[PDB]
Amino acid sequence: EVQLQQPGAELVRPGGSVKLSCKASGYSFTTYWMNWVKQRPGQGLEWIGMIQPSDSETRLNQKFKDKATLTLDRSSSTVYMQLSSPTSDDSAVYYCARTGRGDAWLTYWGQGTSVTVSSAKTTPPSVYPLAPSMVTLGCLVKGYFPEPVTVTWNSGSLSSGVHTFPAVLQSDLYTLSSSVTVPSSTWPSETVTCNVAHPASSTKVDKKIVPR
């Protein structure tokens, strides 16, 4: 299956540099076009440019003339975008996407890399269990920087009845909560565990919700 691999996030000092990666698998790397798209969370899409892996032809959105450089590494099956002189304005999700045919429609998409341009520390979250027909449980993921965090319940197996709320920012530190609703018969009888990923610090925390 076609897959575009992108890191979860990039923390970048203003002025520093950052070079986003997109590793393609599941097809001959030297076919189609790889495109890069910018999006501030909450807002629209904006096209940065594309590279053709067969011959490295590039096309670039002249608004990013002096910001974006697109390159590649054939042996790595990886496409790159480097951003010059990162400011707070470059903080956004950057998706890579591959055309479905030729240079046209964007069939396949990476998950997106959230770039945060900031001096601040990299702080991992503290995860806290939240325990009290149907029963609601949760996890509080407190005190992390920068975004994002990924929450799953039971390694993915609890998909439904879940609510993972947008983070709030208070003092260069994000906090979010996740809720899960399961049947009473299911808990405490069965283990319920929230799994928290914080990519920018390479952290993965598991926390079982135990009754009081």
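Don't overthink the numbering: it's just position in the shown sequence, from 1.
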property: Unmodelled deposited residues flanked by residue 132 on one side and residue 133 on the other; result: 4 to 9
property: Segment of higher mean CA temperature factor, 93 to 101 or 134 to 142; result: 134 to 142
property: Higher-B stretch (mean Cα B-factor, as the entry records it), 107 to 115 or 67 to 75; result: 67 to 75
property: Which of 35, 155, 175, 179 ranks first by CA B-factor in the deposited coordinates; result: 155
property: Within-chain third of residue 55 by Cα B-factor, per the entry; result: highest
property: Residue 22 by Cα B-factor - lowest, middle or highest third of the modelled chain; result: lowest
property: CA B-factor ranking of residue 4, expressed as a third of its chain; result: lowest
property: Ranked C-alpha temperature factor of residue 12 among modelled chain residues, by third; result: highest
property: Ranked C-alpha temperature factor of residue 196 among modelled chain residues, by third; result: lowest
